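One chain comes next, on its own, written out as structure tokens in the form deposited in one PDB entry.
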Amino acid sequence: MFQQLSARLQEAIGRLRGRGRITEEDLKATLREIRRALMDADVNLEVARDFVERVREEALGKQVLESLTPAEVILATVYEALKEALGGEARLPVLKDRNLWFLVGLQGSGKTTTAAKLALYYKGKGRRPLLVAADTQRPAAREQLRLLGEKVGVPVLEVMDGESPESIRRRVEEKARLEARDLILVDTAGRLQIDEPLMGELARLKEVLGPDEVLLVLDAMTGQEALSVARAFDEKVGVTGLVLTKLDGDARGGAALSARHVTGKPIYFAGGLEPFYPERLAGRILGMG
């Protein structure tokens, strides 16, 4: 995962291998190399700085300068720091008896596909999901979700053009009652960029529907821009967790590695969609697969 970063971290660590004890300047050099590798992978500057300080403190705590196999001590330390940067421990949203979640994000994030994949994931766990195609301006966005629902075997309520949030609420409620739906996944409007009309409509929909989770879907390939998108969605709408898509196309990793620090939000899922496992990703970056 994250090809360029992975190669650079592995090389930085491997440079230390089979050479016996290393010097302080050797360690500092290695840290500077890791820092540059993170920077080049579009990790947020402060995240990268904190990461290497963490590694250094942890490595020195493990007596790296006395070690006869310092590369292994570095490897361990970097693994942990990666784990932590990525979220520490696997996290998922809390289901209750009934749940109504928003998916938010830019057109291009994979939001709509993600909504359908999440519905399938939770159907496999025994929930009874309902997809809601909530774009009140674009019939094609609603049709997209309708087709995906048919593919995954999950019902889809399509909002009407210009439908009020209150009417959406009523129709969703009705359908959920008639169909015993217990997980309502609202695919909100996707647009190419953030603007005030979008935000205001999302914020209003949120006031009226009262979602228990707001999942922000981000194309990881956008790098740091994703986290600026995240901050904007959080400030203007309010997010509870992230879904990162297109991780397999991301050679860099900066968004994943920076999200916890920058946004304070968990990465729930990774995009054909699985719960996000920070430890697995940390291993993959380091070549343990």
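Sequential numbering from 1, following the sequence displayed. In this text, the rigid core denotes the largest set of C-alpha atoms whose superposition between the two forms falls within 1.5 Å.
We do not show the form deposited in another entry, though everything after this point is about it.
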{"query": "Threshold 2 Å Cα movement between the shown form and the other one for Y121, core superposed", "finding": "no"}
{"query": "CA of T245, rigid core aligned, shift of 2 Å or more between the shown form and the other one", "finding": "no"}
{"query": "Core-aligned CA displacement of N99 at least 2 Å between the shown form and the other one", "finding": "no"}
